[PDB]
Amino acid sequence: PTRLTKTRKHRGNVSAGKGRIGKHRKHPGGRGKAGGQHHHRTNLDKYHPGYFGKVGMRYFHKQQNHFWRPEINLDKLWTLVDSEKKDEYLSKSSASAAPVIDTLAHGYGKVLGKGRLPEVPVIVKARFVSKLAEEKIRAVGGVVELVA
Amino acid sequence: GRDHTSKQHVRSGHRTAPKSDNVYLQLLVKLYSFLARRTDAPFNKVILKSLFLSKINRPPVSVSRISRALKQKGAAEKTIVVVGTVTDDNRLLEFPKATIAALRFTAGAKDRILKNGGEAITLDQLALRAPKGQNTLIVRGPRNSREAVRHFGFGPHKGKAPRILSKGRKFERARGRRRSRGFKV
Amino acid sequence: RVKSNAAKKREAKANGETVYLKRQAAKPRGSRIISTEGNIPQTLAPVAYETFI
Amino acid sequence: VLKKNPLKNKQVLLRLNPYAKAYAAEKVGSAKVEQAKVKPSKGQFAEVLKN
Amino acid sequence: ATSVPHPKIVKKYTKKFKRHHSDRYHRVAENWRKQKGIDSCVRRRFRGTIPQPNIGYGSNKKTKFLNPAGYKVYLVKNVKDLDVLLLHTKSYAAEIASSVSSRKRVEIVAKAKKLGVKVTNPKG
Amino acid sequence: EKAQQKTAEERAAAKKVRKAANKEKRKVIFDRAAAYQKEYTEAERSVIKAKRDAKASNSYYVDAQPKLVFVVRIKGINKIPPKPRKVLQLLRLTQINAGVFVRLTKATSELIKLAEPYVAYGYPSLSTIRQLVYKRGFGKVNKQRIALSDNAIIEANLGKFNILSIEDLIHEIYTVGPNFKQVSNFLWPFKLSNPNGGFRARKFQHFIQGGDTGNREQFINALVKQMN
Amino acid sequence: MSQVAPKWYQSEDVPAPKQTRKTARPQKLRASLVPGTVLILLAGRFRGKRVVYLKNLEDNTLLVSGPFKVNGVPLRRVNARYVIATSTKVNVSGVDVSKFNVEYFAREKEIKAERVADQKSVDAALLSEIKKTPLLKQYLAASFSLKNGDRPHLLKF
RNA sequence: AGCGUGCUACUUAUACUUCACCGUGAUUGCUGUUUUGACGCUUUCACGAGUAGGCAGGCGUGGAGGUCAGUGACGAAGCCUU
RNA sequence: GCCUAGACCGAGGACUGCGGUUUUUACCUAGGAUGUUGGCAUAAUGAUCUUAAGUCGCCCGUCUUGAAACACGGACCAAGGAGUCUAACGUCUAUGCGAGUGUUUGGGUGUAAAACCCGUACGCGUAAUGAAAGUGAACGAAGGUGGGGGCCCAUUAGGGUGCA
Ligand SMILES: [Mg+2]
Ligand SMILES: [Mg+2]
Ligand SMILES: [Mg+2]
Ligand SMILES: [Mg+2]
Ligand SMILES: [Mg+2]
Ligand SMILES: [Mg+2]
Ligand SMILES: [Mg+2]
Ligand SMILES: [Mg+2]
Ligand SMILES: [Mg+2]
Ligand SMILES: [Mg+2]
Ligand SMILES: [Mg+2]
Ligand SMILES: [Mg+2]
Ligand SMILES: [Mg+2]
Ligand SMILES: [Mg+2]
Ligand SMILES: [Mg+2]
Ligand SMILES: [Mg+2]
Ligand SMILES: [Mg+2]
Ligand SMILES: [Mg+2]
Ligand SMILES: [Mg+2]
Ligand SMILES: [Mg+2]
Ligand SMILES: [Mg+2]
Ligand SMILES: [Mg+2]
Ligand SMILES: [Mg+2]
Ligand SMILES: [Mg+2]
Ligand SMILES: [Mg+2]
Ligand SMILES: [Mg+2]
Ligand SMILES: [Mg+2]
Ligand SMILES: [Mg+2]
Ligand SMILES: [Mg+2]
Ligand SMILES: [Mg+2]
Ligand SMILES: [Mg+2]
Ligand SMILES: [Mg+2]
Ligand SMILES: [Mg+2]
Ligand SMILES: [Mg+2]
Ligand SMILES: [Mg+2]
Ligand SMILES: [Mg+2]
Ligand SMILES: [Mg+2]
Ligand SMILES: [Mg+2]
Ligand SMILES: [Mg+2]
Ligand SMILES: [Mg+2]
Ligand SMILES: [Mg+2]
Ligand SMILES: [Mg+2]
Ligand SMILES: [Mg+2]
Ligand SMILES: [Mg+2]
Ligand SMILES: [Mg+2]
Ligand SMILES: [Mg+2]
Ligand SMILES: [Mg+2]
Ligand SMILES: [Mg+2]
Ligand SMILES: [Mg+2]
Ligand SMILES: [Mg+2]
Ligand SMILES: [Mg+2]
Ligand SMILES: [Mg+2]
Ligand SMILES: [Mg+2]
Ligand SMILES: [Mg+2]
Ligand SMILES: [Mg+2]
Ligand SMILES: [Mg+2]
């Protein structure tokens with residue numbers, strides 16, 4: 001709303017809050033990102049280091065679909081078990097019958113190993129796993145089954 | 001004339017009321033304005049200040065924090081007090097039976113307190129079973145984990161986050177971030 | 001001074017009395033009586049001007 | 001609501017200092033001193049008159 | 001003081017606060033405007049210049065808003081507007097709006113006299 | 001009306017008991033004031049006797065150097081160098097005609113020496129101290145300037161320092177006592193008027209050269225008589 | 001003015017005054033005001049008239065008579081601050097002024113027969129004592145005025 | 001009624017002292033008497049210069065939702081007026 | 001210790017306090033002016049306007065270290081007349097939900113540009129780091145130490161537990 005802006009309160013004061021010496025001018029200092037190497041170096045060096053220069057190799061025609069691999073950690077892995085049957089599975093799971101967790105079918109590419117698992121065997125289906133994630137799954141008596 | 005040793009006409013710099021115009025938050029302040037004014041209990045004076053805090057000054061307290069706070073020695077049956085929202089944590093393996101008084105509960109949080117035998121009460125229900133805050137335990141959420149705090153106090157060799165819209169190798173990584181491109185700060 | 005204060009405090013505890021350990025700034029001097037045996041006051045006057053070159 | 005000077009209001013003076021009553025009753029402000037009609041400066045203190 | 005008793009009414013400044021140079025130029029109206037000029041003799045408070053509004057002239061909170069008879073004046077449009085002054089007839093007075101017709105104004109004056117409300121503008 | 005008469009009777013009984021208890025406290029402060037008067041007179045006569053004896057015995061009695069000073073800021077708040085400004089602020093002299101009591105030591109003497117071109121100070125007599133405390137004496141209670149109109153204010157703020165009366169406070173100031181700091185800091189700086197009779201023709205020069213600043217010593221009492 | 005309604009909490013009850021501790025104390029008259037003193041009236045109808053002071057009424061006023069035959073100034077009250085107390089005195093020990101008080105001068109043109117009788121009874125003794133001092137009756141019958149070069153700060157009365 | 005110097009009294013700033021009132025900041029207390037206002041009431045103390053500039057609290061205008069079953073051809077708005 | 005001349009002021013509004021006198025569960029000068037008398041209400045009293053007198057008062061706005069300036073605009077008056085909207089953002093605040101969140105691209109529906117309803121994806125978040133190939137977050141109660149509000153046991157003190 002315009003009735004809340006300070007332009008309405010500056011009415012009657014000569015300079016409208018812009019100063020009498022400095023005044024409000026068209027473009028003192030330039031337009032946009034002007035002077036980044038000469039007189040705005042002190043700004044870009046302090047607040048945006050790394051701005052100028054080249055780093056790394058280019059990639060012509062990069063399709064981000066190739067690199068799709070959403071991550072799921074171990075502390076969030078049991079949220080993929082059916083909510084209505086989570087508590088029963090946590091009790092009756094054994095080596096003879098353990099829940100199957102299809103991580104790819106839920107939209108995840110790699111299983112990572114953050115957190116701690118319940119001491120309960122599980123069968124985890126993943127495209128990729130980390131070394132420690134699979135070590136923790138085997139320790140609770142589970143297994144990782146690679147899919148594609 | 002006076003030689004002033006301090007600045008004149010200085011506001012206290014602390015909130016004396018919520019900025020919110022929610023009438024129901026006013027009633028809780030009403031109740032604890034009376035309690036802090038009349039009980040000499042330090043618990044009620046702390047709560048009155050906490051009811052004034054802004055959204056970033058009352059971070060959510062996860063149900064995992066309550067589990068960890070109840071795991072202190074001799075604190076298993078204390079009353080957990082959260083001036084704010086209590087959120088769920090799907091990374092917990094188990095939750096105890098506990099009594100928790102909070103401004104708000106999420107659907108997952110309430111489902112977890114009652115499933116494990118606990119109670120999820122409001123701060124007015126707290127004031128009758130504990131008008132002096134006896135056997136209570138105030139829990140506050142992490143304030144410095146916010147993303148906005150990542151950019152606070154940014155400077156050379158400060159280790160803070162650049163204020164940037166996109167992230168990648170072409171975005172503020174070459175000169176001033178790398179010794180092969182001049183210097184590194 | 002820490003050691004001296006500790007020694008004074010323990011000796012006062014041993015004697016069952018008290019000792020004050022805070023330092024004090026110099027205070028104005030007390031009253032006193034000036035004897036004039038051999039020291040009868042000598043009268044001085046400002047001296048006249050002379051040139052010594 | 002109004003500060004009253006104990007040096008003007010006698011009742012306030014007695015409120016603050018009850019001993020003022022005894023001071024008034026005993027005439028402590030005009031108390032005589034009992035002493036001898038001596039003059040001990042007859043000797044060497046006449047060094048003040050001349051030297 | 002036919003109204004509820006009040007302290008003596010003090011008006012710290014009784015003249016109008018007139019805008020600087022509203023007397024020199026017709027385009028400058030007497031409605032007060034604060035001078036903002038760098039060299040202004042009035043903004044810098046030179047001796048001999050006009051008085052200016054400041055919070056020191058504020059009215060005593062016990063005599064504030066009281067007319068010479070000791071009443072606070074409430075604007076009345078229709079006869080139902082006098083109902084809010086039923087329990088305040090000795091501290092609040094009614095003022096009839098200029099746009100009330102000659103018919104309704106007579107009814108308001110008649111009911112106000114019945115209700116005991118005092119009327120500040122009884123002739124018009 | 002019934003409730004008012006019931007509470008009035010209860011108040012009357014409680015006030016009867018309170019007055020009975022306070023009578024003893026007033027006897028205590030009466031005895032203390034009488035003892036203070038006795039020791040003042042005895043010390044004065046002792047000093048007079050010592051002076052007379054030293055005069056008789058071809059000796060010279062040297063008075064004990066004053067332990068207390070009353071400092072009045074007679075200079076405005078404009079054009080003060082940073083160090084004397086800070087010194088005047090630390091003496092709580094932040095306005096013209098502000099007075100404060102200072103216990104003389106080396107530290108406080110070098111403080112007063114720094115403020116010397118802007119203040120007039122001296123050695124106050126007992127009657128001057130009494131007049132100051134009676135007419136313009138105020139206490140700092142919860143950071144508020146409260147008139148010393150009743151001995152209960154002094155008791156409530158200095159009873160842990162054995163000050164139960166205005167005369168206890170005056171005695172503690174005059175004969176500089178073990179709790180002089182607390183007693184003088186409880187006293188709000190005295191706000192005096194201008195002198196009746198004026199200053200000298202030009203204030204801001206030392207008292208020795210015909211001005212008003214610096215140490216005037218016992219004539220501070222006359223100056224306080226002009227300003228209080 | 002505006003349309004600001006009175007509120008329900010705006011009470012109209014008048015509080016009682018606090019209990020005042022201004023207990024009145026008696027009037028202290030000037031040392032020069034002694035019954036029988038000749039006074040000069042400075043204001044009022046009888047301004048400039050020299051009159052005899054008779055009694056101190058309980059109203060803080062002074063009972064005064066001309067006497068009426070000499071001056072035309074009757075028995076009445078005056079205020080002590082509108083009077084110059086001279087040094088001339090008349091022996092009024094033989095004048096009965098017991099019946100004179102505030103209620104005598106109560107407001108009820110005509111004149112009471114009682115008041116005329118009292119005028120004569122008082123004036124008989126007043127004239128008898130006035131004749132003893134020569135020129136005192138003539139002095140009382142003459143009006144007072146300030147002549148050129150009269151300085152009241154230097155004159156004795 | 002000049003120059004050097006001493007003395008008595010006197011003159012008066014928005015400065016100082018006491019007091020009234022305005023505002024700001026703090027401060028005392030207020031729910032079995034909280035009693036149809038607690039965004040409210042109340043005790044006390046200190047303080048008040050200000051360009052550029054910041055913030056806060058308000059006044060006024062065209063038009064809009066709701067409400068006053070508001071004013072009005074028995075005269076709205078506008079305009080002139082010790 | 002005592003007497004005495006004058007000026008200005010009278011905030012507060014049942015009681016509550018401290019003293020004093022105690023002749024007394026009473027009185028007082030002691031937590032802020034009362035008593036009495038006269039006059040006036042066709043008015044003494046107060047305000048404004050105009051004008052006279054006394055005293056002071058240079059033309060505003062602007063740039064400037066410095067303006068009444070022999071610096072610039074302005075003869076006068078009325079009406080108009082200048083920090084806006086948008087895309088994307090930083091801080092702070094309020095609100096809804098909360099490890100998720102966003103109905104409005106679209107579909108349903110309608111009293112039809114409104115209101116009401118629906119869901120897949122997608123954006124942001126939930127993982128970082130490296131130029132990249134790639135790898136990828138618990139020794140321990142998700143750590144120890146000194147503080148740390150609050151809470152618990154105590155009984156000045158002291159101890160326990162100690163979120164941010
Ligand atoms: Mg506005
Ligand atoms: Mg502004
Ligand atoms: Mg400005
Ligand atoms: Mg302009
Ligand atoms: Mg700006
Ligand atoms: Mg400009
Ligand atoms: Mg600029
Ligand atoms: Mg680039
Ligand atoms: Mg000031
Ligand atoms: Mg201060
Ligand atoms: Mg941390
Ligand atoms: Mg981010
Ligand atoms: Mg670029
Ligand atoms: Mg290089
Ligand atoms: Mg005026
Ligand atoms: Mg006006
Ligand atoms: Mg006037
Ligand atoms: Mg202007
Ligand atoms: Mg200037
Ligand atoms: Mg009209
Ligand atoms: Mg009562
Ligand atoms: Mg000091
Ligand atoms: Mg004088
Ligand atoms: Mg002189
Ligand atoms: Mg001079
Ligand atoms: Mg000369
Ligand atoms: Mg002033
Ligand atoms: Mg003034
Ligand atoms: Mg209640
Ligand atoms: Mg200001
Ligand atoms: Mg300003
Ligand atoms: Mg305002
Ligand atoms: Mg509007
Ligand atoms: Mg428009
Ligand atoms: Mg509308
Ligand atoms: Mg109508
Ligand atoms: Mg005209
Ligand atoms: Mg009054
Ligand atoms: Mg007492
Ligand atoms: Mg003139
Ligand atoms: Mg002039
Ligand atoms: Mg220019
Ligand atoms: Mg320029
Ligand atoms: Mg120039
Ligand atoms: Mg100019
Ligand atoms: Mg020139
Ligand atoms: Mg120029
Ligand atoms: Mg130019
Ligand atoms: Mg033009
Ligand atoms: Mg021109
Ligand atoms: Mg012209
Ligand atoms: Mg924004
Ligand atoms: Mg997504
Ligand atoms: Mg999604
Ligand atoms: Mg290792
Ligand atoms: Mg610790």
# chains A, B, ... in the order shown; residues from 1 in each chain; ligands from 1
>>> closest_atom_pairs(of="chain F", to="ligand 21", cutoff="10 Å", atoms="only C-alpha atoms and all ligand atoms", output="tab-separated table")
residue	atom	partner	partner_atom_place_in_ligand_line	distance
F:1	CA	ligand 21	1 (Mg)	9.6
F:3	CA	ligand 21	1 (Mg)	7.8
F:4	CA	ligand 21	1 (Mg)	5.2
F:5	CA	ligand 21	1 (Mg)	8.0
F:6	CA	ligand 21	1 (Mg)	8.7
F:7	CA	ligand 21	1 (Mg)	5.9
F:8	CA	ligand 21	1 (Mg)	6.4
F:9	CA	ligand 21	1 (Mg)	10.0
F:10	CA	ligand 21	1 (Mg)	9.9
F:11	CA	ligand 21	1 (Mg)	8.6
>>> write_last_selection(atoms="C-alpha atoms", output="PDB file, in the first residue's frame")
ATOM      1  CA  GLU F   1     -18.954   1.878  55.415  1.00  0.00           C
ATOM      2  CA  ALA F   3     -15.747  -2.550  55.793  1.00  0.00           C
ATOM      3  CA  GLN F   4     -14.076   0.845  56.159  1.00  0.00           C
ATOM      4  CA  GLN F   5     -14.726   0.999  59.912  1.00  0.00           C
ATOM      5  CA  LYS F   6     -13.524  -2.586  60.384  1.00  0.00           C
ATOM      6  CA  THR F   7     -10.301  -1.936  58.463  1.00  0.00           C
ATOM      7  CA  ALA F   8      -9.897   1.372  60.323  1.00  0.00           C
ATOM      8  CA  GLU F   9     -10.037  -0.430  63.675  1.00  0.00           C
ATOM      9  CA  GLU F  10      -7.555  -3.051  62.459  1.00  0.00           C
ATOM     10  CA  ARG F  11      -5.289  -0.267  61.186  1.00  0.00           C
TER      11      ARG F  11
END
>>> residues_near_ligand(ligand="ligand 7", cutoff="10 Å", atoms="only C-alpha atoms (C1' of nucleotides) and all ligand atoms", output="list in words")
residues 18, 19, 20, 21, 22, 23, 24, 25, 27, 28 and 29 of chain A
>>> write_last_selection(atoms="N, CA and C atoms", output="mmCIF file, in the first residue's frame")
data_model
loop_
_atom_site.group_PDB
_atom_site.id
_atom_site.type_symbol
_atom_site.label_atom_id
_atom_site.label_comp_id
_atom_site.auth_asym_id
_atom_site.auth_seq_id
_atom_site.Cartn_x
_atom_site.Cartn_y
_atom_site.Cartn_z
ATOM 1 N N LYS A 18 16.938 12.128 0.502
ATOM 2 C CA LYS A 18 18.063 11.734 -0.335
ATOM 3 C C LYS A 18 19.330 12.541 -0.069
ATOM 4 N N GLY A 19 19.252 13.588 0.738
ATOM 5 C CA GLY A 19 20.385 14.416 1.107
ATOM 6 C C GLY A 19 20.453 15.670 0.254
ATOM 7 N N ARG A 20 21.016 16.737 0.828
ATOM 8 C CA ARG A 20 21.136 17.955 0.041
ATOM 9 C C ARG A 20 22.427 18.032 -0.759
ATOM 10 N N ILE A 21 23.510 17.420 -0.284
ATOM 11 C CA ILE A 21 24.753 17.436 -1.047
ATOM 12 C C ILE A 21 24.836 16.259 -2.007
ATOM 13 N N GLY A 22 24.577 15.054 -1.495
ATOM 14 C CA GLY A 22 24.692 13.864 -2.319
ATOM 15 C C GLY A 22 23.622 13.784 -3.385
ATOM 16 N N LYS A 23 22.394 14.175 -3.029
ATOM 17 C CA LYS A 23 21.277 14.301 -3.954
ATOM 18 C C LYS A 23 21.011 12.953 -4.609
ATOM 19 N N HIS A 24 19.969 12.864 -5.422
ATOM 20 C CA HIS A 24 19.621 11.602 -6.052
ATOM 21 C C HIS A 24 19.824 11.838 -7.536
ATOM 22 N N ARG A 25 20.734 11.091 -8.128
ATOM 23 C CA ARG A 25 21.167 11.345 -9.487
ATOM 24 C C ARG A 25 20.820 10.146 -10.347
ATOM 25 N N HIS A 27 22.734 7.852 -12.404
ATOM 26 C CA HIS A 27 23.495 6.624 -12.166
ATOM 27 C C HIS A 27 24.918 6.977 -11.754
ATOM 28 N N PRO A 28 25.103 7.517 -10.549
ATOM 29 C CA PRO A 28 26.473 7.686 -10.049
ATOM 30 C C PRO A 28 27.058 6.337 -9.668
ATOM 31 N N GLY A 29 28.214 6.031 -10.244
ATOM 32 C CA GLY A 29 28.865 4.752 -10.078
ATOM 33 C C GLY A 29 28.690 3.806 -11.248
#
>>> residues_around(residues="residue 78 in chain A", least_positions_apart="3", cutoff="12 Å", atoms="only C-alpha atoms (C1' of nucleotides)", output="ChimeraX atom specification")
/A:72-75,81-83,85-87,89-90,99-103,115-118,120-124 /B:90-93
>>> write_last_selection(atoms="C-alpha atoms", output="PDB file, in the first residue's frame")
ATOM      1  CA  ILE A  72      18.263 -41.066   0.928  1.00  0.00           C
ATOM      2  CA  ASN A  73      20.071 -41.573   4.231  1.00  0.00           C
ATOM      3  CA  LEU A  74      19.618 -44.498   6.624  1.00  0.00           C
ATOM      4  CA  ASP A  75      17.808 -42.496   9.325  1.00  0.00           C
ATOM      5  CA  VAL A  81       7.873 -48.765   4.736  1.00  0.00           C
ATOM      6  CA  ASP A  82       4.065 -48.709   4.647  1.00  0.00           C
ATOM      7  CA  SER A  83       2.767 -46.584   7.509  1.00  0.00           C
ATOM      8  CA  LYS A  85       2.333 -51.896   8.623  1.00  0.00           C
ATOM      9  CA  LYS A  86       5.526 -50.286   9.985  1.00  0.00           C
ATOM     10  CA  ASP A  87       5.063 -51.370  13.601  1.00  0.00           C
ATOM     11  CA  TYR A  89       7.289 -55.236  10.409  1.00  0.00           C
ATOM     12  CA  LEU A  90       9.578 -53.849  13.130  1.00  0.00           C
ATOM     13  CA  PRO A  99      10.738 -56.214   4.442  1.00  0.00           C
ATOM     14  CA  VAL A 100      11.833 -55.245   0.927  1.00  0.00           C
ATOM     15  CA  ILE A 101      12.585 -51.540   0.414  1.00  0.00           C
ATOM     16  CA  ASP A 102      12.654 -50.510  -3.262  1.00  0.00           C
ATOM     17  CA  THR A 103      14.455 -47.173  -3.028  1.00  0.00           C
ATOM     18  CA  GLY A 115      22.410 -42.248  11.170  1.00  0.00           C
ATOM     19  CA  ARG A 116      21.646 -45.562  12.836  1.00  0.00           C
ATOM     20  CA  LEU A 117      19.300 -48.392  11.758  1.00  0.00           C
ATOM     21  CA  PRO A 118      17.021 -50.494  13.942  1.00  0.00           C
ATOM     22  CA  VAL A 120      16.300 -55.454  12.254  1.00  0.00           C
ATOM     23  CA  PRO A 121      17.036 -57.307   8.977  1.00  0.00           C
ATOM     24  CA  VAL A 122      15.924 -55.472   5.830  1.00  0.00           C
ATOM     25  CA  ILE A 123      16.264 -56.028   2.080  1.00  0.00           C
ATOM     26  CA  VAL A 124      17.235 -52.735   0.425  1.00  0.00           C
TER      27      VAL A 124
ATOM     28  CA  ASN B  90      10.916 -39.433  11.631  1.00  0.00           C
ATOM     29  CA  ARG B  91      14.530 -40.255  12.523  1.00  0.00           C
ATOM     30  CA  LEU B  92      13.607 -41.273  16.079  1.00  0.00           C
ATOM     31  CA  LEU B  93      13.574 -44.989  16.792  1.00  0.00           C
TER      32      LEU B  93
END
>>> interface_residues(of="chain B", to="chain F", cutoff="10 Å", atoms="only C-alpha atoms", output="MDAnalysis selection string")
chainID B and resid 1:5
>>> select_by_dssp(residues="chain E", states="strand (DSSP E or B)", output="JSON, numbers by chain")
{"E": [66, 72, 73, 74, 75, 76, 92, 93, 94, 95, 96, 119]}
>>> interface_residues(of="chain H", to="chain F", cutoff="12 Å", atoms="only C-alpha atoms (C1' of nucleotides)", output="ChimeraX atom specification")
/H:8-10,15-18,26-28,44-46
>>> interface_residues(of="chain I", to="chain G", cutoff="10 Å", atoms="only C-alpha atoms (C1' of nucleotides)", output="PyMOL selection string")
chain I and resi 12-15+28-30+33-37
